[PDB]
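Before I ask anything, here is the structure I am working with.
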Amino acid sequence: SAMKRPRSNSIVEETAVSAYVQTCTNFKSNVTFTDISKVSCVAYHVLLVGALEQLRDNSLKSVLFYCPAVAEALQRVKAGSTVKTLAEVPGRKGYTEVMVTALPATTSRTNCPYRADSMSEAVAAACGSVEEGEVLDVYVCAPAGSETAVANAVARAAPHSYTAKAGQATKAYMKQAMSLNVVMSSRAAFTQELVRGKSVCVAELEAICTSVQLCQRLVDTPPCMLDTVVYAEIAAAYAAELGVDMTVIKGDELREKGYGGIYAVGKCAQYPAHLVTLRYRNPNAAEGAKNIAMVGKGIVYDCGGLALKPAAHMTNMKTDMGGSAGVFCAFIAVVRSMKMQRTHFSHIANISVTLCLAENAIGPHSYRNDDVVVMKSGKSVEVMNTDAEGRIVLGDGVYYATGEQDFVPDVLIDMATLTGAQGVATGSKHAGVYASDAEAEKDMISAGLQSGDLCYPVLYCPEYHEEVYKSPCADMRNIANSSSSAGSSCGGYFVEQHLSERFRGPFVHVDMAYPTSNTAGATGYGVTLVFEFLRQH
Amino acid sequence: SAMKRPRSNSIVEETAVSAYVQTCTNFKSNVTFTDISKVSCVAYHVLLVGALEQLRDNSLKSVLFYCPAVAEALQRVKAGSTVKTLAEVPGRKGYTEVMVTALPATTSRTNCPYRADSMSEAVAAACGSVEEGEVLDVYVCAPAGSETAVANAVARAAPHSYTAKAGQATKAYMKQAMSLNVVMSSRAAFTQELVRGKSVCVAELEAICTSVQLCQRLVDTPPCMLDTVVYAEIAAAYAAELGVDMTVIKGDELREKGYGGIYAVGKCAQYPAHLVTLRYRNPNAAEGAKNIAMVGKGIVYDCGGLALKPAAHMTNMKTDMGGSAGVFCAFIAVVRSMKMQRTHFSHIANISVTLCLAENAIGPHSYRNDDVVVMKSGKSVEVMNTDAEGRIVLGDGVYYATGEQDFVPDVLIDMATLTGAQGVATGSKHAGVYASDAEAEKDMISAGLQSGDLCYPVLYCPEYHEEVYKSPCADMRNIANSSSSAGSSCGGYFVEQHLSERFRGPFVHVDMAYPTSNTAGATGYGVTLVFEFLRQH
Amino acid sequence: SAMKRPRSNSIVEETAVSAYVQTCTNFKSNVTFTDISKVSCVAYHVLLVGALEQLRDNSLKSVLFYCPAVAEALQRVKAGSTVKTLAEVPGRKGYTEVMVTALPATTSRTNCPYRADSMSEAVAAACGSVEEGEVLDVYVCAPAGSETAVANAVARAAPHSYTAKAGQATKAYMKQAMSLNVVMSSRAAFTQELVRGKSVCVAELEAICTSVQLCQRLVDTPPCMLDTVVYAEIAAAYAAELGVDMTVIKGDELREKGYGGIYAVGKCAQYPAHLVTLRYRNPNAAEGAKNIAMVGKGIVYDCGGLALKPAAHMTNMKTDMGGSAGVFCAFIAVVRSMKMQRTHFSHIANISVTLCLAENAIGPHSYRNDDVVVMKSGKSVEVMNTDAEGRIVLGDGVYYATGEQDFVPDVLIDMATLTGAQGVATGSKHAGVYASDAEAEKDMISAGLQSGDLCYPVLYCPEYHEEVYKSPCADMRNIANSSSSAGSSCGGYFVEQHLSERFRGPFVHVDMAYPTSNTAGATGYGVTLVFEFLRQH
Ligand SMILES: CCCCC[C@H](CC(=O)NO)C(=O)N[C@H](C(=O)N1CCC[C@H]1CO)C(C)C
Ligand SMILES: CCCCC[C@H](CC(=O)NO)C(=O)N[C@H](C(=O)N1CCC[C@H]1CO)C(C)C
Ligand SMILES: CCCCC[C@H](CC(=O)NO)C(=O)N[C@H](C(=O)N1CCC[C@H]1CO)C(C)C
Ligand SMILES: [Mn+2]
Ligand SMILES: [Mn+2]
Ligand SMILES: [Mn+2]
Ligand SMILES: [Mn+2]
Ligand SMILES: [Mn+2]
Ligand SMILES: [Mn+2]
């Protein structure tokens, strides 16, 4: 295993990567759900979170940790605030920590109506006092239809599994010391009751939780450990677990087979570039079932190339493989759901995920500001800034997915931590969606509201983008000739040009540079956006 | 006149400003329209511009400059290109210059379907060879419904009236040497035929042309000439011409009457701050007629304050009164249309325009990064960056318009060259619209497509904006505590907070920092957006 | 009052400054102390804070809010952490909020052994839930000798009195909604028992609390309100209250009487420069009693002059009058203590405080990088950077205090928010002390450890500083000719050169640029350092 791997020159380093792989390939979330109608014990710690109306309801006096101190906490909580206390509750002996959090009063049209953001903030703050081996009970007052946003909001708010604090290096950088037990007021996960005529079950919410958290792990892991060879070995194990076809083009194979864009970007790095694609044909696909290809930026580290980033922009480029992991782990959850019941993604015939893997490293073998590169699609590109490497590798990615597979997709989802312009456009919680079909734009926005992985449209206007990418000696450049030329859209437009001409349906580009991480680290963004988006028709 | 004015200490300077005022108060466009069915002569220069289909039609052999060289030019023009020639045409003796331009093949959903951008590029390039006193005939092949976009596209593409080249200073910086004669293939302006059941007539298109070009003049004029006292004198003359009510709050009157935000911003400048508001009650208002208030950033020069801008960001801050002029000149055109026929803006009862006038100047009396200012609305503001001055003055503007007039608006339109984040968001041709009502957002986008003054939504999410404006000692700051916090929306949100609580309908903020100008200078952006937006219901 | 003042041209602005003055001239802290042996009621909110040993002692079961939930909180608190709960306690009806905070386990030689920093962090976090008109009880487990550090640590951690949130502008920017009641385990304040043979009484701790908080108010107030004329009017009222001599040199009087350094710095500003000095002869001075002059940088706003600071370095220059306020409010407390008992500062004959008041403003009348200025001391200075304005004004300050008063000081204390080099040197909690006498250095360090206003020596080496201030055409420059030339010491050395030759005892320069403020704003730093320093012999 450690000897199979073509990675480092070192037994010790290789032995520890073999363990890191395991923690990734057998990963399980540390979230459980319990049917509110079957609560018989109460955890060492309890969080209660909901709309102020719902918290003050008499329906809550049933919950098994109700008692006078808790009742008092409910008199004192105001919209947006928190009240915390110890209490002697039945359902436990001794004292129990109860934290009570009201969600905010007002929500706007562009935000998730269940307020999954506040749920995450409230969860995170309750986990801080949970001791090794204990459980945090999370009591959520959210209406039926909110299950996936809750599963996401909680999963992503748990203490992160990647750490090296206090010796964890010796245990594969993996810590899952505590545990979250979700108790929703709605029972739809347990009854399979239909909401907007769709059902989502408990085994699915676990698959989401596992996938969101695997996503936080891969993102959070530094590139000294999660490089392109390791990331690829992981993808292989998930391939053999799920029983799916896998296509890998690696290193010189990229250049030999004409993927000049991604080979150029990753040619300098210690460990080489890969296009890795996993795909499943659904055996229970219905007559109407569409085909879906997904593509993600797997830049394991972005140093900037020769357009080397400064120190303060370069940290966190750990996370520049976020788009990649979002769609990779969404693939896993979707396929897992497909294997659970005949009907679950019945309207999907083929699903494909393409990982565009590479480190953008700086050195003699670096692609230069001025190099001219011939992408797989045939289009020639004049590299003006080597730090716009995402565009390029993704260009070869989307061409592979649209023009080299044995089925033609009917929709292409591009996901990438692409640009800082994104943050200026749409802030740090909403991804930027650059979409060639108004209906697919609306639908992605909506899957964002339902999922709690928010989204917002950015300018789609190829005629205007075309005219800031003009090169004197190639088909296009890879950065615009002007400042303040709608920077996130320009990133999408670049990638759009490399779609095989045989592909005729929507191209949906999700730029999630800022939403992919926050103070605590990786958010898992993307995993639940895609699950929703694909689940809804 | 020159002695009435409380401006400079100088007879000469004051004599020349009196002339500059005149050129502004009697301004007329230099655009005419001629009914295509009544063309009897052909101009020294001719431009033909349209969709390639429409150009190659046999319908064109009728135009009075048809001849073999022209026919040949039509064989050679390809989509997007230009062909130019001299020809002996009947309708003139001697040779005539004919330029033939095909509009582009493909347009996207976010752009004007008539391609008013290409029309403007094509016009501009034909005007360059027109000699003093001559006429350029502009033959446009555009379908009925495109009249306002054409009037705009052409008006704004003429050589600019503000110049000091070759002695023009002695003629009030005003040059209108040539003239454009528009000949559209559609006759709807001349027949009053209904399109989508609305009619627009020739006297209206002239009012638009005049207003777009007055807008380019005011914007283009430097602040050594167009300062707040002069800009105010102009607004007064237009008030007395159109017979409307005018309210001016000036200098110490602002501070005495509680407009701390705008008084703070402009207190350092040579010439003082003004809130200037013009308003008309429509005598022919129908039963349903709504009320409309408009507000614009009139920062005549933005030096940055003490957060002084560098040299290269500071040039063109001439144009930082663009939002102001767009809505001011839209007011003029709208009111002019109202005075033309009983029915023309029948669904509008009251219209108001508020100019937020001030120079952001640097000096001892400057408002500081740390000053705390009490806006008219009562909300206290902690100034962290004095270069976000637009927010502030506009804050007092919208409060005046929503809370101090003798009618309550049902819609507030805020227009401002507000932020560079705008350019990063939505490029240099599309304004950023920050809108509190999804229907009003869609409607503004649409008035942009019909008008050729383009637009694109930006994130509306006050819950997320609220949390980056937190101050420890005031209600809010005036810049966000984070980079990449959706910068254009944050600008709108700041202004939104100062709306009087009595105002209950949509707030539509248009951030047009980049679309307000291009290489040649001021575009007139805003004038035709607002005309369309208000004309459609 | 509002008409006496030579300030603004405005009745409204002047009426509100008259009220701001009042809030400053009648200021009282909102801290009280209660003898632990006489606690009969318990407040709505309670904080318990101490060393873990002391918290777990059985001595605590007596406190009137002891009960089982509280007992449980004490089992759970670990060194450095916090535990919070509601409880039914006797001493109150209903529920009471109890927060329990353990101070940190380990302290180093350069920090206050009572850990006044953690006390402040713990207080601040308990005040956040206290409602209008309520009381927070603060139970501190600290040994006798810690009274002044506690009075300081708590006073400075209260919610700040300067605010404009929610209409406070209409109530003079003054909010004191809640109240803190300190209950120390030691009774030395109440018994007058001697510690290291010195006693400190309750009326003194109140005078400290009042002075620390007046200091936070003056600092926190922006310069649009707290300018040099207002700051001077305040100093006058405190002069007439305390019955002390006052000398003011203002505006042209500075230049006429030879104070070129400070007149130069402040000549550009809206409101003019002042040297303001307050001084008391102690009627109960003992035979040995020394004389003490104090001097502080009162730069009410530092824009940088023509060496204009960028936006992000310029905010918080509100606080550039911190050194000034520290020593001003220390003067008040000391004098107040003197008036309380015959013996209290018996070893002090004369005390003097000199405020070096000015705004460093940018404009035509600005002192330039290249101007040569003749300080009061006769020494000529070549201004190379106008943003090193503190040095200069303080130079005239120390000369006044050492050479123009009717007594000669035996020690000069210079206090100033002088340099950013300070932060690089000694961090954000320790001031930099540049001291001409090793014994006075040690003593100031020690008054810092006892007071909780920390301190740390910086390089004293005039022979090395002399050689980086060489000018070709003046006695010295005002900034060093080299980067990384011990920047905080160089600031002190500049000021040292302007001491009158008649002054022969120690010069102690305290550079407190970073310790003067934190996230929440002004810390009051300086007030309690000086009280301690002077109290100890
Ligand atoms: C033109 C540079 C390439 C655009 C894409 C990069 C983001 C990136 O590195 N993707 O791989 C970017 O936006 N970088 C930001 C950026 O805009 N930069 C980089 C240096 C200055 C400024 C120039 O646009 C930083 C500051 C977050
Ligand atoms: C935070 C500054 C205030 C935001 C608004 C200004 C635009 C403005 O001056 N309006 O009056 C801006 O975006 N300025 C741009 C900008 O973003 N700046 C200014 C200096 C660096 C950078 C900081 O955001 C420039 C470069 C076009
Ligand atoms: C040489 C400048 C004058 C030294 C004193 C100033 C602090 C000050 O302004 N006092 O009134 C300083 O240290 N400023 C800092 C500083 O060191 N600067 C200012 C700009 C760059 C750098 C140069 O030393 C800033 C960044 C906190
Ligand atoms: Mn990247
Ligand atoms: Mn990059
Ligand atoms: Mn501006
Ligand atoms: Mn500005
Ligand atoms: Mn200073
Ligand atoms: Mn300075």
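No hydrogens, no waters, no symmetry mates; every other heavy atom, side chains included, goes into these values. Order of listing sets the numbers, starting from 1, for every ligand and every atom in it. Here is the naming used below: chain letters follow the sequence lines, and residue numbers restart at 1 for every chain.
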What distance separates C/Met314 CE from B/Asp370 CG, expressed to the nearest 0.5 Å?
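C/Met314 atom CE to B/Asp370 atom CG measures 8.0 Å (nearest 0.5 Å).
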Output yes if A/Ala416 passes the N/O/S-under-2.8 Å test against the Mn ion (ligand 4); output no otherwise.
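A/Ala416 does not place any N, O or S atom closer than 2.8 Å to the Mn ion (ligand 4).
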Suppose we only allow N, O or S atoms; which atom of A/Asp302 ends up nearest to the Mn ion (ligand 5)?
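Going through the N, O and S atoms of A/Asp302 one by one, OD2 ends up nearest to the Mn ion (ligand 5).
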Nearest 0.5 Å, please: how far is CG in A/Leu357 from CG in A/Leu275?
7.5 Å
Name of whichever N/O/S atom of A/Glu389 is nearest to the Mn ion (ligand 5)
OE1
Distance, nearest 0.5 Å, that separates CG of B/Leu418 from NE2 of B/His509
4.5 Å
Return yes when at least one N/O/S atom of B/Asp320 is nearer than 2.8 Å to the Mn ion (ligand 7), and no when none is.
no
Do you know which two heavy atoms are closest between A/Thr277 and A/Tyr400, and how far apart they sit?
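So the minimum-distance heavy-atom pair works out to OG1-CE2, 3.4 Å.
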